[PDB]
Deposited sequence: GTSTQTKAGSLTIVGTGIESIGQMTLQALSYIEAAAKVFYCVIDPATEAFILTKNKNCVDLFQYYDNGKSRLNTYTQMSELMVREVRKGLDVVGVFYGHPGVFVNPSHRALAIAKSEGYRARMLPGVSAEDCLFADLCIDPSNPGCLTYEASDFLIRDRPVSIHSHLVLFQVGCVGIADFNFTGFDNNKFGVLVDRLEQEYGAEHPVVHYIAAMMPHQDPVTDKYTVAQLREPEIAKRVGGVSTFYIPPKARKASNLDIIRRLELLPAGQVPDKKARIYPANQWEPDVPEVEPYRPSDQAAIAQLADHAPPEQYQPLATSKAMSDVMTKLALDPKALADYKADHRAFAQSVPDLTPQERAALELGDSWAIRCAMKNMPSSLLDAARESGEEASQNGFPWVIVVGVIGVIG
């Protein structure tokens, strides 16, 4: 049925220790063997306190050694231990599948040979970028590329959307050196940005803080300023560029008609923007945070009561404790998945409904047991024909 051995690949996030997820920590602690690739030493020291059997993958880089040969070796070290029947965890900084080769290789090999294989997501450098630069990828869309790939494959830009470029400090480099990369082809990237955006358009040099007390680098330059030797020298191995839009894109009349966004009149202007505006975009006008409509909405707070169809939390200590244990104890989760009914029978202090919900394991049953559903909602809701009960959208266009 199920052969011995598994591979779980997890992330640490970017900022030391704090940006690791609770589940990444729990799998590191439970593992028989840990392999890791991180930048900062505080995160390294933290990992070594959590498991007695760790190996640093960074020792498999070398001067003039092809990165592809290093990545083949990193992946094989992990899969060898999986073949021996061990529960193996690989750890990469940030998100372990965002701009990472050996994680995807090791997982695909493990899966093809019939072992359990999973990647757990983490916080990427792009996630940090959205938080520190105060932008949302939804407004007005986001394009993300590797800088060398961007140039070699002539990947398209959209002047109306966000652009994010990773690896701007090693344009055209296939190998490794411990002292760092000589970024002498950086001018080729700058020529492309001049062609697409113009010499006076802004580019933001972004470096997320790796230690908890440090501030991020968020330095705006013109495309032309990147040609200056003193500025170009600041771009290194953990540098990312953000290039904001040049203009606002107009609406399509045919789509406005078919989606019925009309009172036989007209919608707002393409530059009638929702507060707040993108502060990096050139010549962006100031947007009013408290318009008359905003003021009227705030005035309604005084007499507000929860709507009749709102579903209040109504659970117990015993149920909350078991759901927390399933999220934070990998051994308990494996036991539950192997036999829902046996596991559910063994949990003390659960109510009859709570016990029945765990026996089934269905999402809607568990939700039903933990939230009170009013009669007004169920009379209008249409339950059978959950799939159609989680509706929490927090943005509008």
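- Sequence ranges 1-4, 390-393, 406-410 have no coordinates in this entry (deposited sequence, numbered from 1, C-alpha basis).
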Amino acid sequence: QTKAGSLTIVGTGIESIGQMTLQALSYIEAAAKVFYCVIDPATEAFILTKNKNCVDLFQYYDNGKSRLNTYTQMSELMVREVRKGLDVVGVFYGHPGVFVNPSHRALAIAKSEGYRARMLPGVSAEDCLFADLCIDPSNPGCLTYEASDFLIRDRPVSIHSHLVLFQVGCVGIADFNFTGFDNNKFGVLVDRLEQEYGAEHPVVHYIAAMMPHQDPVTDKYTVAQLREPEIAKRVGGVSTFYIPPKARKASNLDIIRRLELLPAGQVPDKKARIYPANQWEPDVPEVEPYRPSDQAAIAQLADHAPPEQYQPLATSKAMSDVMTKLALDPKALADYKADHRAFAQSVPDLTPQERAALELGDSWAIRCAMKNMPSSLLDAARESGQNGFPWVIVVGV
From here on, numbers count along this sequence of modelled residues.
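- Mean CA temperature factor is higher for 375-383 when stretches 375-383 and 9-17 are set side by side in the entry.
- The stretch 267-275 shows the higher mean C-alpha B-factor when 283-291 is compared against 267-275 in the entry.
- Within the group 75, 124, 184, 324, the record's highest C-alpha temperature factor is found at 184.
- Of the candidates 59, 345, 51, 26, the one whose C-alpha carries the top B factor in the deposited record is 345.
- Annotation for residue 364: CA B-factor lies in the highest third of the chain's modelled residues.
- The PDB entry assigns residue 255 a C-alpha temperature factor belonging to the highest third of its chain's modelled residues.
- In the deposited entry, the Cα temperature factor of residue 207 sits in the bottom third of values across the chain's modelled residues.
- For residue 136, the recorded CA B-factor ranks within the lowest third of the chain. Only modelled residues enter the ranking.
- The PDB entry assigns residue 102 a C-alpha temperature factor belonging to the lowest third of its chain's modelled residues.
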